[PDB]
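A.B. asks: One structure follows; several queries about it will come next.
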Amino acid sequence: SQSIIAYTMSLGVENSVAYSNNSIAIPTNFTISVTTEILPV
Amino acid sequence: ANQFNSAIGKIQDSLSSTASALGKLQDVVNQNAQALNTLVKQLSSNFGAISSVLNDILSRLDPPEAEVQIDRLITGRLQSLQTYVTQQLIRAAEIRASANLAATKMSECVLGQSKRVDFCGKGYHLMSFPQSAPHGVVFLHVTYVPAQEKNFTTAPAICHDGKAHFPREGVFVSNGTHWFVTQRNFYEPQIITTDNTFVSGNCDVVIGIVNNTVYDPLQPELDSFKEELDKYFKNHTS
Amino acid sequence: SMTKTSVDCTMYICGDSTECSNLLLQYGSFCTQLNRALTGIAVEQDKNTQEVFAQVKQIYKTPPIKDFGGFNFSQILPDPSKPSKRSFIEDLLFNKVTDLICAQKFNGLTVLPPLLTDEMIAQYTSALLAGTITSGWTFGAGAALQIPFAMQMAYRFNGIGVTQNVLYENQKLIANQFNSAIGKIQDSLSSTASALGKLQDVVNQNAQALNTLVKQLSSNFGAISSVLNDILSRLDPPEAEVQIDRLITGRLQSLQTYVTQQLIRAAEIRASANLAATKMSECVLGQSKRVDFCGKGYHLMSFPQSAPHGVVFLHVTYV
Amino acid sequence: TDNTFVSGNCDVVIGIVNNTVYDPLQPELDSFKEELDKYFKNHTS
């Protein structure tokens with residue numbers, strides 16, 4: 001029971017970052033990410 | 001150690017399971033395959049002549065009639081060959097532009113360390129590992145990305161003796177009790193000291209300055225001497 | 001990006017002709033190579049919009065209570081009260097860049113609509129603007145870190161060699177210098193309409209190429225008449241195949257000439273798109289110390305703006 | 001001394017000029033020495 005559907009392009013998840021004068025955010029942790037790029041020569 | 005080794009294992013799993021990540025190189029093979037096939041298939045076209053076979057035109061029509069029909073065949077083929085060469089010159093400009101970008105990332109990301117954003121990949125660049133690829137090259141980029149974050153209370157300066165104390169390295173953070181100094185890239189709370197800050201201007205020229213006590217590491221050590229030296233001076237009089 | 005065009009080989013060379021359609025079979029795949037070349041251009045036009053306009057997949061918004069420390073961003077930020085989402089500067093950027101479309105579509109020249117609408121372009125711009133304002137340099141290299149904008153200028157000055165003490169003391173002076181400089185941008189773009197001429201040359205290049213491609217049809221190319229119905233109604237079918245072939249060869253070279261010029265202009269627009277994609281990441285998201293890249297002087301911040309068939313960068317430097 | 005650092009000598013550097021480098025510990029300790037002189041006179045008094 002599946003078919004082709006049409007829809008408007010989504011622009012991505014909307015996330016409103018809080019903003020204040022006396023407020024700040026500092027990372028408490030981190031991570032090591034590895035990415036792959038393929039460039040023809 | 002467990003973050004990098006597991007990440008390389010993800011690269012091995014993503015490369016083995018997904019074979020379409022190299023499609024950028026497969027497009028090069030496809031563009032050449034379509035170009036080599038198109039050039040040879042145009043030889044069977046009549047190009048406005050009676051027949052595409054040159055042996056049939058020469059062995060049938062008269063020399064005055066054959067030179068006309070073969071002329072349409074040769075001219076039509078030259079236009080197809082010039083079209084092939086023109087398309088190869090266009091793909092040549094595209095492959096040389098990608099080669100200059102590969103030579104740039106090889107130098108900055110691999111040989112050295114580049115601070116450019118979205119050049120060596122998402123995040124703060126650390127190291128890049130090149131890998132051999134057919135008709136191309138593969139770059140393995142290791143980057144530094146933050147994970148967990150927490151909201152803190154900040155302030156542009158600390159007011160102690162009446163002059164603003166600006167942080168030497170890092171920013172001011174507090175949990176609502178005592179003000180701490182930590183770097184922007186990671187959270188390592190430290191006590192505010194004269195070595196971690198520097199005195200510039202006064203407390204009035206700073207907008208939003210807060211009052212606190214800057215710890216002087218020489219204050220308790222010098223006061224301990226005033227206690228000891230007076231105990232010595234008291235023994236000098238006895 | 002450039003105007004996406006799709007030209008049919010049949011209707012451009014000889015339309016509504018069955019006898020000529022059989023004469024085209026003798027020239028082989030010429031339609032396939034000319035159609036895939038024009039199709040590949042239209043695909044690359046949408047790839048330039050994904051690599052430049054939208055840098056990140058996360059949409060950032062502006063908080064309702066605005067205290068920026070004395071800077072006025074109302075001109076660079078979009079106005080929600082307007083029916084179409086745009087800023088005060090983008091209002092001029094769209095108006096200063098200029099039916100010929102329907103007239104060319106009658107001869108077989110199809111104008112393909114772009115995948116990325118201008119309204120979605122303004123959202124990617126507003127997402128990068130609201131992110132640079134609130135998140136500073138953090139959203140580009142990872143998760144967005146909340147930082148007050150007053151402390152963001154302190155780090156941007158420390159990067160060019162300026163101690164942050166200059167910021168807190170000159171905070172009122174810098175507030176007047178920035179707000180007055182942004183006001184000069186709207187006044188310069190309103191009075192001078194030739195500042196966008198780099199984009200107008202792209203529209204003029206497509207207009208001259210499409211119009212000249214149609215003007216080639218009026219030429220007889222050494223034949224008796226350029227009209228197909230004339231040759232069929234005048235010369236016998238055996239004699240008509242000679243005159244029609246004269247129109248085929250000429251219009252084929254005229255169509256291959258247009259495709260060749262568009263493939264050359266496609267390489268120039270992708271080179272400018274890669275430069276725009278580089279400045280979008282280094283100047284806007286982060287802070288680049290490169291000279292004469294993010295603009296003359298010591299770079300501080302960069303504000304992207306939406307423009308027809310392009311993008312406008314607002315660079316703030318320390319002079 | 002906190003804004004500068006010691007490298008080489010005055011003879012090697014070409015164009016060096018003579019001046020006094022203010023050490024913030026000198027007046028704090030010299031005044032601390034004067035207090036000790038006042039403290040020692042207080043124990044004798």
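Going by the structure tokens order, chains are called A, B, ..., each with residues numbered from 1, while ligands are numbered from 1 in the order shown.
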Enumerate the residues of chain A with a DSSP assignment of strand (DSSP E or B), computed from the backbone, and present them as a list in words.
C.D. replies: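 Assigned to strand (DSSP E or B), within chain A: residues 13, 14, 23, 24, 25, 26, 27, 30, 31, 32, 33, 34, 35, 36, 37, 38, 39 and 40 of chain A.
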A.B. asks: Quick one: everything within 9 Å of region 38-53 of chain C, counting only C-alpha atoms, minus sequence neighbours fewer than 2 positions away in the same chain. Send it as a ChimeraX atom specification.
C.D. replies: /C:1-7,33-36,55,112,114-116,121-122,124-125,259,262-263,266,269-270,273-274,276-278,280-281,304,306,310-311
A.B. asks: Fewer than 3 positions away in the same chain doesn't count, so skip those; otherwise give me all residues within 9 Å of region 28-37 of chain D, counting only C-alpha atoms, as JSON, numbers by chain.
C.D. replies: {"B": [226, 229, 230, 233], "D": [24, 25, 40, 41, 42]}
A.B. asks: Taking N, CA and C atoms for each residue, export the selection above as a PDB file, in the first residue's frame.
C.D. replies:
ATOM      1  N   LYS B 226      55.460  37.293  56.668  1.00  0.00           N
ATOM      2  CA  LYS B 226      55.238  38.335  57.667  1.00  0.00           C
ATOM      3  C   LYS B 226      54.907  37.723  59.021  1.00  0.00           C
ATOM      4  N   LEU B 229      58.566  35.925  59.863  1.00  0.00           N
ATOM      5  CA  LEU B 229      59.644  36.882  60.097  1.00  0.00           C
ATOM      6  C   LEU B 229      59.406  37.684  61.371  1.00  0.00           C
ATOM      7  N   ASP B 230      58.141  37.953  61.704  1.00  0.00           N
ATOM      8  CA  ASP B 230      57.848  38.618  62.969  1.00  0.00           C
ATOM      9  C   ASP B 230      58.095  37.684  64.147  1.00  0.00           C
ATOM     10  N   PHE B 233      61.755  38.025  64.436  1.00  0.00           N
ATOM     11  CA  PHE B 233      62.088  39.304  65.059  1.00  0.00           C
ATOM     12  C   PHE B 233      61.741  39.303  66.543  1.00  0.00           C
TER      13      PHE B 233
ATOM     14  N   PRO D  24      57.551  44.411  39.151  1.00  0.00           N
ATOM     15  CA  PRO D  24      56.529  44.711  40.168  1.00  0.00           C
ATOM     16  C   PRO D  24      56.824  44.111  41.531  1.00  0.00           C
ATOM     17  N   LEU D  25      57.725  43.130  41.618  1.00  0.00           N
ATOM     18  CA  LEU D  25      58.091  42.575  42.915  1.00  0.00           C
ATOM     19  C   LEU D  25      59.054  43.473  43.680  1.00  0.00           C
ATOM     20  N   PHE D  40      60.521  45.256  63.268  1.00  0.00           N
ATOM     21  CA  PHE D  40      61.625  44.986  64.183  1.00  0.00           C
ATOM     22  C   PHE D  40      61.760  46.085  65.228  1.00  0.00           C
ATOM     23  N   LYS D  41      61.506  47.338  64.841  1.00  0.00           N
ATOM     24  CA  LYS D  41      61.533  48.424  65.813  1.00  0.00           C
ATOM     25  C   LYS D  41      60.343  48.356  66.762  1.00  0.00           C
ATOM     26  N   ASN D  42      59.251  47.711  66.342  1.00  0.00           N
ATOM     27  CA  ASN D  42      58.103  47.557  67.228  1.00  0.00           C
ATOM     28  C   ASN D  42      58.351  46.496  68.291  1.00  0.00           C
TER      29      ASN D  42
END
A.B. asks: Which of chain D end up as helix (DSSP H, G or I) when DSSP is run on this backbone - answer as a list in words?
C.D. replies: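 Filtering chain D down to helix (DSSP H, G or I) leaves residues 25, 26, 27, 28, 29, 30, 31, 32, 33, 34, 35, 36, 37, 38, 39, 40, 41, 42, 43 and 44 of chain D.
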A.B. asks: How would the residues just chosen look if you wrote them out with N, CA, C and O atoms as a PDB file, in the first residue's frame?
C.D. replies:
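The new file selection-v1.pdb reads:
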ATOM      1  N   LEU D  25      57.725  43.130  41.618  1.00  0.00           N
ATOM      2  CA  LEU D  25      58.091  42.575  42.915  1.00  0.00           C
ATOM      3  C   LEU D  25      59.054  43.473  43.680  1.00  0.00           C
ATOM      4  O   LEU D  25      59.112  43.389  44.911  1.00  0.00           O
ATOM      5  N   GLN D  26      59.816  44.325  42.983  1.00  0.00           N
ATOM      6  CA  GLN D  26      60.789  45.168  43.676  1.00  0.00           C
ATOM      7  C   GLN D  26      60.129  46.149  44.638  1.00  0.00           C
ATOM      8  O   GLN D  26      60.475  46.130  45.833  1.00  0.00           O
ATOM      9  N   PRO D  27      59.192  47.014  44.221  1.00  0.00           N
ATOM     10  CA  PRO D  27      58.594  47.945  45.191  1.00  0.00           C
ATOM     11  C   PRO D  27      57.714  47.268  46.225  1.00  0.00           C
ATOM     12  O   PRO D  27      57.578  47.799  47.336  1.00  0.00           O
ATOM     13  N   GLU D  28      57.117  46.119  45.903  1.00  0.00           N
ATOM     14  CA  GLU D  28      56.305  45.412  46.887  1.00  0.00           C
ATOM     15  C   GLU D  28      57.174  44.803  47.981  1.00  0.00           C
ATOM     16  O   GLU D  28      56.811  44.843  49.162  1.00  0.00           O
ATOM     17  N   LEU D  29      58.322  44.236  47.608  1.00  0.00           N
ATOM     18  CA  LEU D  29      59.248  43.682  48.586  1.00  0.00           C
ATOM     19  C   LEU D  29      60.082  44.746  49.286  1.00  0.00           C
ATOM     20  O   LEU D  29      60.350  44.606  50.485  1.00  0.00           O
ATOM     21  N   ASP D  30      60.503  45.796  48.574  1.00  0.00           N
ATOM     22  CA  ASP D  30      61.243  46.873  49.224  1.00  0.00           C
ATOM     23  C   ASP D  30      60.393  47.564  50.281  1.00  0.00           C
ATOM     24  O   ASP D  30      60.880  47.871  51.375  1.00  0.00           O
ATOM     25  N   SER D  31      59.119  47.821  49.973  1.00  0.00           N
ATOM     26  CA  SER D  31      58.207  48.321  50.994  1.00  0.00           C
ATOM     27  C   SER D  31      57.948  47.269  52.064  1.00  0.00           C
ATOM     28  O   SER D  31      57.731  47.613  53.231  1.00  0.00           O
ATOM     29  N   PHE D  32      57.968  45.987  51.687  1.00  0.00           N
ATOM     30  CA  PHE D  32      57.854  44.922  52.676  1.00  0.00           C
ATOM     31  C   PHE D  32      59.089  44.874  53.567  1.00  0.00           C
ATOM     32  O   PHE D  32      58.989  44.571  54.760  1.00  0.00           O
ATOM     33  N   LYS D  33      60.264  45.172  53.003  1.00  0.00           N
ATOM     34  CA  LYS D  33      61.469  45.280  53.820  1.00  0.00           C
ATOM     35  C   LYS D  33      61.394  46.470  54.767  1.00  0.00           C
ATOM     36  O   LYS D  33      61.869  46.384  55.907  1.00  0.00           O
ATOM     37  N   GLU D  34      60.809  47.584  54.319  1.00  0.00           N
ATOM     38  CA  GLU D  34      60.653  48.740  55.194  1.00  0.00           C
ATOM     39  C   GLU D  34      59.671  48.446  56.321  1.00  0.00           C
ATOM     40  O   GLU D  34      59.828  48.952  57.437  1.00  0.00           O
ATOM     41  N   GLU D  35      58.647  47.633  56.045  1.00  0.00           N
ATOM     42  CA  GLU D  35      57.726  47.230  57.103  1.00  0.00           C
ATOM     43  C   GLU D  35      58.420  46.336  58.122  1.00  0.00           C
ATOM     44  O   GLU D  35      58.197  46.476  59.330  1.00  0.00           O
ATOM     45  N   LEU D  36      59.267  45.415  57.654  1.00  0.00           N
ATOM     46  CA  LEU D  36      60.028  44.573  58.572  1.00  0.00           C
ATOM     47  C   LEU D  36      60.942  45.413  59.453  1.00  0.00           C
ATOM     48  O   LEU D  36      61.113  45.118  60.642  1.00  0.00           O
ATOM     49  N   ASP D  37      61.550  46.457  58.884  1.00  0.00           N
ATOM     50  CA  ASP D  37      62.320  47.391  59.695  1.00  0.00           C
ATOM     51  C   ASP D  37      61.432  48.075  60.724  1.00  0.00           C
ATOM     52  O   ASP D  37      61.844  48.280  61.871  1.00  0.00           O
ATOM     53  N   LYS D  38      60.206  48.433  60.332  1.00  0.00           N
ATOM     54  CA  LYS D  38      59.250  48.978  61.287  1.00  0.00           C
ATOM     55  C   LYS D  38      58.736  47.918  62.253  1.00  0.00           C
ATOM     56  O   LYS D  38      58.495  48.233  63.422  1.00  0.00           O
ATOM     57  N   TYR D  39      58.565  46.676  61.792  1.00  0.00           N
ATOM     58  CA  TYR D  39      58.168  45.605  62.700  1.00  0.00           C
ATOM     59  C   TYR D  39      59.264  45.315  63.719  1.00  0.00           C
ATOM     60  O   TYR D  39      58.981  45.148  64.911  1.00  0.00           O
ATOM     61  N   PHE D  40      60.521  45.256  63.268  1.00  0.00           N
ATOM     62  CA  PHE D  40      61.625  44.986  64.183  1.00  0.00           C
ATOM     63  C   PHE D  40      61.760  46.085  65.228  1.00  0.00           C
ATOM     64  O   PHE D  40      62.094  45.809  66.387  1.00  0.00           O
ATOM     65  N   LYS D  41      61.506  47.338  64.841  1.00  0.00           N
ATOM     66  CA  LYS D  41      61.533  48.424  65.813  1.00  0.00           C
ATOM     67  C   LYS D  41      60.343  48.356  66.762  1.00  0.00           C
ATOM     68  O   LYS D  41      60.410  48.889  67.875  1.00  0.00           O
ATOM     69  N   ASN D  42      59.251  47.711  66.342  1.00  0.00           N
ATOM     70  CA  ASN D  42      58.103  47.557  67.228  1.00  0.00           C
ATOM     71  C   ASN D  42      58.351  46.496  68.291  1.00  0.00           C
ATOM     72  O   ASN D  42      57.896  46.644  69.431  1.00  0.00           O
ATOM     73  N   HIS D  43      59.065  45.422  67.944  1.00  0.00           N
ATOM     74  CA  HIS D  43      59.400  44.406  68.935  1.00  0.00           C
ATOM     75  C   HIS D  43      60.431  44.908  69.938  1.00  0.00           C
ATOM     76  O   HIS D  43      60.415  44.485  71.099  1.00  0.00           O
ATOM     77  N   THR D  44      61.328  45.801  69.515  1.00  0.00           N
ATOM     78  CA  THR D  44      62.307  46.366  70.436  1.00  0.00           C
ATOM     79  C   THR D  44      61.699  47.446  71.321  1.00  0.00           C
ATOM     80  O   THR D  44      62.177  47.667  72.440  1.00  0.00           O
TER      81      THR D  44
END
A.B. asks: What is the CA of residue 196 (chain B) to CA of residue 167 (chain B) distance in Å?
C.D. replies: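 The value is 6.2 Å.
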A.B. asks: One number please: CA of residue 228 (chain C) to CA of residue 206 (chain C), in Å, one decimal.
C.D. replies: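 Between CA of residue 228 (chain C) and CA of residue 206 (chain C) the gap works out to 27.5 Å.
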A.B. asks: Using only C-alpha atoms, select each residue of chain C with any atom at most 7 Å away from an atom of chain B, and give the selection as a PyMOL selection string.
C.D. replies: chain C and resi 26-28+141-143+151+165+168-169+281-282+286
A.B. asks: For the residues in that selection, give me N, CA and C atoms as a CSV table (one decimal), in the first residue's frame.
C.D. replies:
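selection38.csv, written as the output of this step:
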chain,number,residue,atom,x,y,z
C,26,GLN,N,20.2,9.8,-40.7
C,26,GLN,CA,21.5,9.6,-41.3
C,26,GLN,C,22.6,10.2,-40.5
C,27,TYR,N,22.3,11.2,-39.7
C,27,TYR,CA,23.4,11.8,-38.9
C,27,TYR,C,23.5,11.2,-37.5
C,28,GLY,N,22.8,10.1,-37.2
C,28,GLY,CA,23.1,9.4,-36.0
C,28,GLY,C,22.6,10.0,-34.7
C,141,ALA,N,32.0,24.3,13.0
C,141,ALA,CA,32.9,23.2,13.3
C,141,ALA,C,32.2,22.2,14.2
C,142,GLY,N,30.9,22.3,14.5
C,142,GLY,CA,30.3,21.4,15.4
C,142,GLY,C,28.9,21.9,15.9
C,143,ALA,N,28.5,21.4,17.1
C,143,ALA,CA,27.2,21.8,17.7
C,143,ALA,C,27.3,23.3,18.0
C,151,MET,N,30.9,39.0,23.7
C,151,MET,CA,32.1,38.3,23.9
C,151,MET,C,32.6,37.7,22.5
C,165,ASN,N,40.4,44.5,25.2
C,165,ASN,CA,40.2,45.7,26.0
C,165,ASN,C,39.8,46.9,25.0
C,168,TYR,N,35.7,46.7,24.7
C,168,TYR,CA,34.8,47.1,25.8
C,168,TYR,C,34.9,48.6,26.0
C,169,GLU,N,36.0,49.3,25.7
C,169,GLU,CA,36.1,50.7,25.8
C,169,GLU,C,35.5,51.4,24.6
C,281,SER,N,32.2,29.4,3.5
C,281,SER,CA,32.6,28.6,4.7
C,281,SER,C,33.7,29.3,5.5
C,282,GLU,N,34.7,29.9,4.9
C,282,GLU,CA,35.8,30.5,5.6
C,282,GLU,C,35.5,31.9,6.2
C,286,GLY,N,33.6,30.6,9.8
C,286,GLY,CA,34.7,30.8,10.6
C,286,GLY,C,35.3,32.2,10.4
A.B. asks: So which residues touch residue 10 (chain A) within 10 Å, counting only C-alpha atoms, skipping near sequence neighbours fewer than 2 positions away, as a VMD selection string?
C.D. replies: (chain A and resid 7 to 8 12 to 13) or (chain C and resid 57 120)
A.B. asks: Would you mind exporting C-alpha atoms of the selected residues as an mmCIF file, in the first residue's frame?
C.D. replies:
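Now in again-v8.cif:
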data_model
loop_
_atom_site.group_PDB
_atom_site.id
_atom_site.type_symbol
_atom_site.label_atom_id
_atom_site.label_comp_id
_atom_site.auth_asym_id
_atom_site.auth_seq_id
_atom_site.Cartn_x
_atom_site.Cartn_y
_atom_site.Cartn_z
ATOM 1 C CA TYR A 7 5.745 17.341 -1.117
ATOM 2 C CA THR A 8 7.488 20.663 -0.596
ATOM 3 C CA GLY A 12 16.071 21.139 7.567
ATOM 4 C CA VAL A 13 15.293 20.812 11.249
ATOM 5 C CA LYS C 57 21.302 21.326 7.425
ATOM 6 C CA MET C 120 14.157 28.999 0.213
#
A.B. asks: If you measure from CA of residue 81 (chain B) to CA of residue 96 (chain B), what distance in Å do you get, rounded to one decimal?
C.D. replies: 22.4 Å
A.B. asks: Can you pull out the residues contacting residue 179 (chain C)? Cut-off 6 Å, using only C-alpha atoms, and skip same-chain residues under 3 positions away; I want them as number ranges by chain.
C.D. replies: C: 72, 176, 182
A.B. asks: Store the residues of this selection in a file with C-alpha atoms, as a PDB file, in the first residue's frame.
C.D. replies:
ATOM      1  CA  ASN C  72      21.578  47.244  14.334  1.00  0.00           C
ATOM      2  CA  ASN C 176      28.319  53.869  15.609  1.00  0.00           C
ATOM      3  CA  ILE C 182      25.725  49.126   7.003  1.00  0.00           C
TER       4      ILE C 182
END
A.B. asks: With distances taken over only C-alpha atoms, which residue among A:21, A:35, A:40, A:28 lies nearest chain C?
C.D. replies: A:21
